[PDB]
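Down below is the structure, laid out as structure tokens.
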Amino acid sequence: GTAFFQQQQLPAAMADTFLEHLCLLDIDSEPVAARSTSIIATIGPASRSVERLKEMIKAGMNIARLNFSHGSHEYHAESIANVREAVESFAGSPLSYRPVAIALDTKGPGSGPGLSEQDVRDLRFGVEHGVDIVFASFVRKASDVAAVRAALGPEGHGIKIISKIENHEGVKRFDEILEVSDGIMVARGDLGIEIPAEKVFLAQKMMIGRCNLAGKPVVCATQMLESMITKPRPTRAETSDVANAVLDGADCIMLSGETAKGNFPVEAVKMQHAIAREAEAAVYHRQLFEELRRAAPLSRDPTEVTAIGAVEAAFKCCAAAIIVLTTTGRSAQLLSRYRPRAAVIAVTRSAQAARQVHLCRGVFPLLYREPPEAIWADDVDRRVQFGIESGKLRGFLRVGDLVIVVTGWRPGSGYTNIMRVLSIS
Amino acid sequence: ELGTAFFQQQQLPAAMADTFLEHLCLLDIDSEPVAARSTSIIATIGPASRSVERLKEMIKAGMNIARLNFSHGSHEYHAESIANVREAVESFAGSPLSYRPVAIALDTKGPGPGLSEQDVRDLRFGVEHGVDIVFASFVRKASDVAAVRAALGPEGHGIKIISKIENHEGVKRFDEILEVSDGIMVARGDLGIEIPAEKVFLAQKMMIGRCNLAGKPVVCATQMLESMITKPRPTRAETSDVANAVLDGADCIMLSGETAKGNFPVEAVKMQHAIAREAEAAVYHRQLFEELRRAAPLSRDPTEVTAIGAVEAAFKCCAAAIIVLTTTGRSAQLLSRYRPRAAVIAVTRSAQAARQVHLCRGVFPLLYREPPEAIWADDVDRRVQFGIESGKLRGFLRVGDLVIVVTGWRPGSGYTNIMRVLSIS
Amino acid sequence: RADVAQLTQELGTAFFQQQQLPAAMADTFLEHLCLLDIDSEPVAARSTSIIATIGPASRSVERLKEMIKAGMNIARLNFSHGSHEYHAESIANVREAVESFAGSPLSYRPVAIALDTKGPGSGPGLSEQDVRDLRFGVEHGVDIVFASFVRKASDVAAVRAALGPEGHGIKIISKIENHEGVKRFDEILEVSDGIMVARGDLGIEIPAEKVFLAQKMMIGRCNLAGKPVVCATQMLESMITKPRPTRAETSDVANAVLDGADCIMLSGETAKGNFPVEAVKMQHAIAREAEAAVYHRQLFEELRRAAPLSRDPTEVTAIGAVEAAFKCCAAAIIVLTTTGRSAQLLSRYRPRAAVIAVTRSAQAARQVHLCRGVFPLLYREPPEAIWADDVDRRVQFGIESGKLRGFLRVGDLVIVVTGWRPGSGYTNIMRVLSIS
Amino acid sequence: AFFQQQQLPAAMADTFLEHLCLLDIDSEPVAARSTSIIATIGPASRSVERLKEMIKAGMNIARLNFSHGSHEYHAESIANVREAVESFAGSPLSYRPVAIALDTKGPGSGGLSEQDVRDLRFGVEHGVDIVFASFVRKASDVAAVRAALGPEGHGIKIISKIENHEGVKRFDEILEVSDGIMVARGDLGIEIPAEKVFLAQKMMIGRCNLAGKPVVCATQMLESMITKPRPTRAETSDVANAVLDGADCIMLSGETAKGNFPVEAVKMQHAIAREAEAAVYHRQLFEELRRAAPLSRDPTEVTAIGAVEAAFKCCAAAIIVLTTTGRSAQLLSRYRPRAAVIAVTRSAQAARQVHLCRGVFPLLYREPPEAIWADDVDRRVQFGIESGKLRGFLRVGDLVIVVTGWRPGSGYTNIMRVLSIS
Ligand SMILES: Nc1cccc(S(=O)(=O)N2CCN(S(=O)(=O)c3ccc(O)c(O)c3)CC2)c1
Ligand SMILES: Nc1cccc(S(=O)(=O)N2CCN(S(=O)(=O)c3ccc(O)c(O)c3)CC2)c1
Ligand SMILES: O=P(O)(O)OC[C@H]1O[C@](O)(COP(=O)(O)O)[C@@H](O)[C@@H]1O
Ligand SMILES: O=P(O)(O)OC[C@H]1O[C@](O)(COP(=O)(O)O)[C@@H](O)[C@@H]1O
Ligand SMILES: O=P(O)(O)OC[C@H]1O[C@](O)(COP(=O)(O)O)[C@@H](O)[C@@H]1O
Ligand SMILES: O=P(O)(O)OC[C@H]1O[C@](O)(COP(=O)(O)O)[C@@H](O)[C@@H]1O
Ligand SMILES: O=C([O-])C(=O)[O-]
Ligand SMILES: O=C([O-])C(=O)[O-]
Ligand SMILES: O=C([O-])C(=O)[O-]
Ligand SMILES: O=C([O-])C(=O)[O-]
Ligand SMILES: [K+]
Ligand SMILES: [K+]
Ligand SMILES: [K+]
Ligand SMILES: [K+]
Ligand SMILES: [Mg+2]
Ligand SMILES: [Mg+2]
Ligand SMILES: [Mg+2]
Ligand SMILES: [Mg+2]
């Protein structure tokens, strides 16, 4: 229908030049797709109650950040328990349950050259409490990342390390840090003090571009909606900043004081949710996909080959979603790197993977709880149907839609290799 | 992984270029073609190419389609030509490495205002003798194609009608003719007499472009290697002409007098084979695929969606082949329209489809005659393995290579919706 | 690499490391982003104009001199507050501070004066206070009118009529502040000289999360039309009370320049804030960094592909001159202009080279600050007897001011744009000159 | 009506595929033929009357094949060409200069042969404009030809013929020291496999286009026309494709030297080239030539790109350039403008040699001088406009781009002007 092609900036998406795309942007063209940029909310006195945390999950919070620069281990263990209680209060309805990752943001090296002794104790605390992500403060070289990985020990092998770039050395040694990290955080607060304030935007755009090229998650952080710490509505520069972080290519956007100590934590999450949906519909996929395809190297990895074929197929039919079965989240990450307009519904049995895939833009994790079927092909079909039923319940899919299904040839991680065009019934 | 030697062959340095101008500058006479020749050769059968022994030599040289010119000779003469082609083709049935299906095409005498009485009798002869293709002479409007289609009686609706554009009216009414035809022949002999000779190249390039856009086969015909009727080597203009027809986008190239009455019929086939291989490696796939992708409309047909995803996947891993299961040839045709560098190995139970897919560039048919398995998924696996073992036998594949496999979710034609990445073992 | 090798050997590797030149030579926008470098210093003069609102914090002649030195190009008088006597005193103080630098003509900086109207309020069209304020503007010689709440083409025609016969030279920049203005944008732009994205009211009239779409759409359409566009309101809001802006504020300024804005504005930050000079300095610093990060390779290609064919010699000469400037990395394009139009047509193609506009019109010299990358030089000398000699003297005045301000160095290439006969509308010549 | 002619619907297309789909056999070519025709002089094209007919059919360069005939035979051929060319000098606004090219015999079994030294000396003594140097294998072969031309032959253009594997492999070093290249497909098709010649032709044409140096496509282009009045479908396609590849010149060998239809062969190449030039996809071609050409601080180079860009912006009928050596016209030609490059020169040799560059129409200025330099310059621009109007290039109301310099003498072009006709 004509109405379908007037929504989600589709006239602007069909434009032949970026200039014509801008000219065709319409304030009356409503966003239809689900919000794909994840929201990281910092936990503190304003967002610690179980009842307030339930409201933040409903507003769109995907990752809860624990800032280990403040508070004791007892304080952070209580934060973890309240987050998990609020998250599990919706587990009674598996088709609508939303996993929420828990990220530990370290205190940092301070005046020291490498990993501090408090960071070693805090990292061990994180492993013992089952955190999913580490936001490693003041990463200056590859050996800083290796020190964090060593401090996590053998039990913390599955924890993602997102390196925070906060100074000139981190910006200069970016390539070596990105190579050994799982992703990056553009920590603009310290970065704006370490380098001239008027240069932070160049560092943010460079790091986002390089992370997008590498297919690794990138978080834009600090002062995005600062004025909402005390005021009910943000400034015109703040809404523009959030929108531009999404247009730059950020996988995640973050709230610090807005959710930890401010007076509008739920509204700050709602505002980031609303801006991100508008900005995602304004993305010029025509040039973006072409450039991501052209820049990505040739590959002999079947997961990598299936991912590009599935994204290409999704664009060809305007697929409502790409449903992917994943154990570690990697198959969903490789689909996410090509920035499909189709939502990536990732069905997994790993609760940790379901929490961690929020780091990748456009990945909507579904945690499958059923015990395995005796026949593997039937267990695979049951999970795909769970993805279709959750998608229908949440508004991602309707009868008549086309979906791309990405599965593998045997159980276990690393064997994705099948792309299937499916009609929703 | 593949080596520097691999990336120096088949014009791969020229294929990686960022502009068409840089692609031209990087073409190398020392870069040898590795892929199998994908542009089919149509050879006209006449006194110089009628004997079973001569036909066996032409099959070995590369003839894929045998053309019977009904402008000369009786029905008895053409029935003997058909029998000799079939005898020469079946003389290699014992060896899997040498067996190659050969299509039989009937070229009509022509019109008078519409379908002539002799054309009705000749078309009826074609149906009775099981011809695969009709090259319909002097098509000027859509109603001429409908007359040929109606003349293919009740038993011949499976025969492909390739409309010959030979005059100004056919060129002007091209869109309506292509819409109702299976493909087109740029019949340059009469076209060069009906329109100014210096305008034939414009008509050829326009029709080839429109056929490529429509995803329908296009044949370049007449005087391609004319001097080879009496001389053992062609002129510099003739080799250039064959190469440029392949670079323009022609699915097939044809020999008329060169093979029907000339002194070097086998040598003419060998020459077309050698030039086509060189020209196919020089194709600028980078821009070609992007433009075929951008110009092809969005589709909700799973075969069309699977085909683009499979071609995209083949380019990503430099796949040795795309193995497709097809009953009518349609799934292989939709892969062929995106001009993959990988060979399209079409496994079919239909002898007619195996002969007719020679009309589509890069489709290498395999006729499969094993009795069907009781379990459909096992029958599918057996045909995919048949394609891999014939591929290994003929030099298309080695252990360690990657292939793309295109199949459907249920038996019967029209259900292609699956693309798999397979490692050859 | 071969397309820059001889020029890299000539100008040096250090030249090609500054002003984001490695990022500018990238083949894709993605590679351009990856190559942005915080250590690549901006070299070019700041091309995006700064509009500063005059108020109690920025009214004194001494404070205004500091703001001119910090980079203020246009002084905005907000007629929503203050009396005619108050605004006349503000105008006089701006003119006094501007003329305090007139002793040195090769370095003098013109400053435009803009009148921002109160608006229609609850009314349907032009209010009676707006008619009195517009007459005040004509009587006091203002250069620009920022017309509040423009909702249709007839609103800008009413403003033009209220300016009368004597205000024909005044530029009307229409402020888009509501849903109707956004929806009727094309008809408003057609009859206006330019647009202001008035984000304050716009963010109240439409959902706050949609303002960025309206800003980007209007900037794109103004760039396509070749007409000036101003980005306004809350750009450095926190600097009203703090000496340093937030990370969202610096990002906002940078993104307005990257979107394609000709001008950026300061409101309460300069009118009533505690750091008016610091706010101007911050906008200056961010705009220079953002201008160097513009992806000229795709931008120029798209401006050419989108611009229709033209049989106007000024339009034809402008694209030829911008193309020539990119070919040699020209330090500047010196253009002779009477009304500012020839400089505006060069500016629409977004050259990296500075557009040094030599004019005898003091009003045109002030008004060309609306066009990005135009550096006005007011020529005060009496005419030569031979017209060709008068033209040459004006070109040499541009080269000498260019050398004395740092725009040009001996060995640089410059593009000179002139006409074949005196008077406006005859630009048709482009010359390549080597600086000696 | 203007936008339906010269394949303008196909020229406006956003992709090459859409450009192909929009090619129209009913869209007539309007612009003058840009690709020069080199015709080989022999028994079938030696008479003054036959040569006059070939000049009217479109011959721009006369090739003397020194592989056959004596010096006396070639001197008579030169004299007949000059007599036929000067028979049209009575009308200066329509006079067509014709270059004379000497094609050497070659090294044979040997570097530079002793017969080649004598033939090159003959060429200098007889005032030839171009040398087509046979079997060039390395840069030192070009230097040997340059030395054999001596001090009296400094102005002669050396076009290196690439005829073997070594010439193809050492192409870059040969092009660097040559004025241009000839893709000599006859010997090349014997030295390398016949099925690889098209790759060598396309590579050399692309590299010459990138370098901004002339490239000639040669041998068997219309071969069958040696005995038949019409060419084959492969032959017309070959000529069209050489123009579409980017060749500056196309050549006729036996077709004009010994064939039964020399005038018809020239007419056929003229007709095909005009059709192929209108089918050129300028949208991508200009963008790629522009992107591939390096940045430059040479004012002639900078003015040339500004002028071609300006010509495309207004659909200029022509770019009128004042040139001494032909260089300013060559730098305009390298960007492949759709506008004709009308080169007004006083140098008769430069007027003949600029036929090597596609789209350059030389006008030999033989009008009285003006005392004031600026008036003399203006008069040459008016000469270009009047010849353009007379020959059909221009009409009243058209826009032209005029390219001149700031002071006399070669190497000072730095001005581009937009001018309205009449
Ligand atoms: N992250 C990302 C990666 C790839 C492509 C894109 S993109 O497609 O959004 N991309 C916007 C930036 N441009 S631009 O050339 O700078 C530009 C800017 C303003 C204009 O009006 C214009 O004509 C061109 C290139 C297209 C985004
Ligand atoms: N869709 C499609 C179909 C067929 C071939 C191709 S193609 O990719 O082979 N290709 C042809 C040639 N054109 S061109 O712009 O005419 C051209 C010609 C000569 C040049 O030196 C040049 O720089 C450009 C470009 C595209 C693409
Ligand atoms: O993204 P990952 O971690 O590589 O997981 C993909 C894996 O998931 C599957 O689709 C299903 O496997 P399981 O039955 O073990 O969940 C495998 O075929 C495939 O290898
Ligand atoms: O190309 P076609 O004629 O549509 O045939 C493709 C068909 O082949 C298959 O892959 C296998 O089908 P069969 O087992 O019936 O041969 C089908 O699933 C698919 O629909
Ligand atoms: O940009 P504008 O207003 O068209 O003015 C450009 C004009 O300036 C000139 O270069 C010089 O004109 P004047 O001598 O009137 O100042 C004219 O040739 C040209 O028409
Ligand atoms: O193309 P060339 O060889 O550089 O000659 C171009 C020259 O022609 C002119 O326009 C006119 O020069 P002349 O007066 O010497 O004929 C020069 O100003 C310019 O340098
Ligand atoms: O640590 C952070 O998030 C910062 O410095 O912005
Ligand atoms: O019949 C043909 O092939 C022709 O006329 O070219
Ligand atoms: O009036 C204004 O400037 C606004 O609303 O932004
Ligand atoms: O000399 C030539 O031109 C050839 O050999 O083709
Ligand atoms: K911290
Ligand atoms: K026939
Ligand atoms: K106001
Ligand atoms: K010779
Ligand atoms: Mg920090
Ligand atoms: Mg025929
Ligand atoms: Mg307002
Ligand atoms: Mg030879």
Side-chain angles (χ1 to χ4, degrees), chain A residues 2-33 35-37 236-237 239-250 274-289 339 341, chain C residues 29 174-190 194-199 201-203 205-227 229-233 251-252 255-262 294-295 298-299 302-303 305-306:
Chain A
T2 173
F4 167 63
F5 285 108
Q6 298 156 338
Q7 300 173 312
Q8 59 187 323
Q9 313 293 347
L10 285 172
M14 306 198 150
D16 304 301
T17 62
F18 187 71
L19 184 56
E20 276 149 8
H21 159 82
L22 289 172
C23 300
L24 293 171
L25 288 172
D26 193 350
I27 62 165
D28 291 343
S29 188
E30 299 302 331
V32 174
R35 194 243 319 153
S36 67
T37 303
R236 311 300 178 270
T239 68
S240 139
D241 183 53
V242 174
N244 279 306
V246 173
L247 296 167
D248 287 345
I275 303 165
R277 271 192 105 202
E278 295 286 352
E280 286 146 21
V283 166
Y284 190 39
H285 289 99
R286 176 178 289 213
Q287 188 174 339
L288 179 61
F289 181 58
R339 297 295 197 244
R341 192 176 279 270
Chain C
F29 186 73
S174 298
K175 298 170 59 178
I176 303 297
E177 328 203 43
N178 65 358
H179 190 270
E180 196 189 353
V182 176
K183 291 287 120 184
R184 300 169 75 89
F185 183 82
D186 290 345
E187 80 174 64
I188 297 170
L189 177 59
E190 185 75 38
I195 294 291
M196 179 192 292
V197 183
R199 304 186 307 179
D201 282 302
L202 194 59
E205 301 289 330
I206 81 171
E209 69 271 16
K210 286 172 182 294
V211 173
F212 85 93
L213 294 157
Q215 170 182 328
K216 294 170 186 278
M217 178 270 290
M218 300 194 264
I219 295 176
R221 288 188 194 175
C222 288
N223 288 183
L224 181 69
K227 286 182 168 178
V229 57
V230 177
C231 183
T233 309
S251 142
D252 183 55
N255 279 303
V257 172
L258 296 169
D259 286 344
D262 290 88
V294 165
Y295 189 38
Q298 191 177 336
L299 177 60
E302 294 197 348
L303 290 164
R305 207 234 233 203

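Protein chains get the first letters and strands the later ones, always in sequence-line order, with residue 1 at the start of each.
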Residue pair [X] / [Y]: nearest heavy atoms and the distance that separates them:
X      : Y      : value
C:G203 : A:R236 : CA-NE, 3.8 Å
A:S29  : A:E278 : O-OE1, 4.4 Å
A:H21  : A:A282 : NE2-O, 3.0 Å
A:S240 : C:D252 : OG-OD1, 2.7 Å
A:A12  : A:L24  : CA-CB, 3.7 Å
C:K175 : C:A198 : CE-CB, 4.1 Å

Are [X] and [Y] close enough that some pair of their side-chain heavy atoms sits under 4.5 Å apart?
X      : Y      : result
C:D262 : C:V229 : yes
A:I275 : A:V246 : no
A:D28  : C:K183 : yes
A:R277 : A:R35  : yes
A:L247 : A:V283 : yes
C:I206 : C:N178 : no
C:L202 : C:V182 : yes

Measure the spacing between [atom1] of [X] and [atom2] of [Y] and express it to the nearest 0.5 Å.
X      : Y      : atom1 : atom2 : value
A:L19  : A:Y284 : CG    : OH    : 10.0 Å
C:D201 : C:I176 : CG    : CD1   : 12.0 Å
A:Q9   : A:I27  : CD    : CD1   : 10.0 Å

Extract all donor-acceptor atom pairs below 3.5 Å that involve side chains of residues 212-227 of chain C and protein atoms in other chains or at least two apart in sequence.
unit_1	atom_1	unit_2	atom_2	d
C:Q215	OE1	C:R199	NH1	3.0
C:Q215	NE2	C:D259	OD2	2.9
C:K216	NZ	A:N244	OD1	2.9
C:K216	NZ	C:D259	OD1	2.8
C:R221	NE	A:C23	O	3.0
C:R221	NH1	C:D186	OD1	3.0
C:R221	NH2	A:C23	O	2.8
C:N223	ND2	C:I219	O	3.2
C:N223	ND2	C:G260	O	3.0
C:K227	NZ	C:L189	O	2.9
C:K227	NZ	C:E190	O	3.3
C:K227	NZ	C:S192	O	2.8

Exercise. Determine, for A:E30 against C:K210, whether the closest basic-nitrogen to carboxylate-oxygen distance falls under 4.0 angstrom.
Key: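 Here A:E30 pairs with C:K210 in a salt bridge, since their nearest N and O are under 4.0 Å apart.
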Quiz item: Can you name the residues that form a ring-ring contact (aromatic ring centres under 6.0 Å, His included) with A:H285, not counting sequence neighbours?
Solution: A:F315
Practice problem: Could you tell me whether the side chain of C:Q298 and the main chain of C:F29 form a donor-acceptor pair under 3.5 Å? | Solution: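 Side chain of C:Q298 to backbone of C:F29: no pair is present.
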Quiz prompt | Partner residues of A:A13 under the side-chain contact (heavy atoms from CB on, under 4.5 Å) criterion, sequence neighbours left out | solution =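 A:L10, A:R341.
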